[PDB]
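Here's the structure we're looking at; comments come further down.
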Amino acid sequence: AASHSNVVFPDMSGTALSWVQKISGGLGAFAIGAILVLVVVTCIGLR
Amino acid sequence: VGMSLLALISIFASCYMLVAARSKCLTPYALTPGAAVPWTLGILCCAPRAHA
């Protein structure tokens, strides 16, 4: 019989989670940069 | 309660200064003219929250 509680979900900093962390962060920064660019664009249009 | 009350008062004071600075720096630009340097000098100087 198995001698381990059947817990399979990995933990952050793992290779599998690190890669999604890497990809997720890059997209978030890209989205954040777009947000900042749009905010500045709408900004300079108002005042 | 004392620490929380002090924390709020400083926040309220800080918010109070920010609005006052907005009034002092926004009134001169907006007396006769509508002209506020479209966020080039609206950010560095004071609150650019003027509608314009």
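Identifiers for the structure tokens are assigned positionally: chains receive A, B, ... in sequence, residues are indexed from 1 per chain, and ligands are indexed from 1 in the order shown.
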
Go through chain B residue by residue and, counting only C-alpha atoms, keep those with an atom at most 7 Å from chain A; for each kept residue give the shortest atom pair and its distance in Å to one decimal, ordered by chain and increasing number, as a Markdown table.
| residue | atom | partner | partner_atom | distance |
| --- | --- | --- | --- | --- |
| B:36 | CA | A:47 | CA | 5.6 |
| B:37 | CA | A:47 | CA | 6.5 |
| B:38 | CA | A:47 | CA | 4.3 |
| B:39 | CA | A:44 | CA | 5.3 |
| B:48 | CA | A:47 | CA | 6.9 |
| B:50 | CA | A:47 | CA | 6.6 |
| B:51 | CA | A:47 | CA | 6.5 |
| B:52 | CA | A:47 | CA | 5.0 |

Backbone-only DSSP, helix (DSSP H, G or I) members of chain B, as a PyMOL selection string: chain B and resi 2-29+37-39

Output C-alpha atoms of each residue in that selection to a file, as an mmCIF file, in the first residue's frame.
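Contents of again.cif, freshly written:
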data_model
loop_
_atom_site.group_PDB
_atom_site.id
_atom_site.type_symbol
_atom_site.label_atom_id
_atom_site.label_comp_id
_atom_site.auth_asym_id
_atom_site.auth_seq_id
_atom_site.Cartn_x
_atom_site.Cartn_y
_atom_site.Cartn_z
ATOM 1 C CA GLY B 2 -4.267 54.823 20.677
ATOM 2 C CA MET B 3 -2.037 53.516 17.897
ATOM 3 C CA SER B 4 -4.975 53.163 15.505
ATOM 4 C CA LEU B 5 -6.199 56.674 16.323
ATOM 5 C CA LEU B 6 -2.721 58.098 15.713
ATOM 6 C CA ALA B 7 -2.506 56.201 12.422
ATOM 7 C CA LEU B 8 -5.799 57.680 11.209
ATOM 8 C CA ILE B 9 -4.934 61.238 12.254
ATOM 9 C CA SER B 10 -1.655 61.182 10.324
ATOM 10 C CA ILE B 11 -3.450 59.744 7.286
ATOM 11 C CA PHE B 12 -6.148 62.408 7.589
ATOM 12 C CA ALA B 13 -3.483 65.091 7.969
ATOM 13 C CA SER B 14 -1.603 63.729 4.951
ATOM 14 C CA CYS B 15 -4.806 63.708 2.904
ATOM 15 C CA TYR B 16 -5.489 67.236 4.160
ATOM 16 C CA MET B 17 -2.132 68.519 2.901
ATOM 17 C CA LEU B 18 -2.586 66.875 -0.505
ATOM 18 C CA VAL B 19 -5.918 68.604 -1.132
ATOM 19 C CA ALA B 20 -4.568 71.927 0.143
ATOM 20 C CA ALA B 21 -1.573 71.672 -2.188
ATOM 21 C CA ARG B 22 -3.983 70.968 -5.045
ATOM 22 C CA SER B 23 -5.994 74.097 -4.232
ATOM 23 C CA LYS B 24 -2.932 76.338 -3.941
ATOM 24 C CA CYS B 25 -1.371 75.140 -7.201
ATOM 25 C CA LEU B 26 -4.608 74.795 -9.203
ATOM 26 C CA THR B 27 -6.174 78.166 -8.361
ATOM 27 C CA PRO B 28 -3.477 80.254 -10.140
ATOM 28 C CA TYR B 29 -3.689 78.343 -13.425
ATOM 29 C CA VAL B 37 0.099 71.880 -19.403
ATOM 30 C CA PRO B 38 -1.444 68.526 -20.309
ATOM 31 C CA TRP B 39 0.105 66.502 -17.486
#

Report the distance between CA of residue 34 (chain A) and CA of residue 42 (chain B) in Å, rounded to one decimal place. 21.3 Å

Length of the CA of residue 12 (chain A) to CA of residue 30 (chain A) vector [Å]: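 Between these atoms lies a distance of 22.1 Å.
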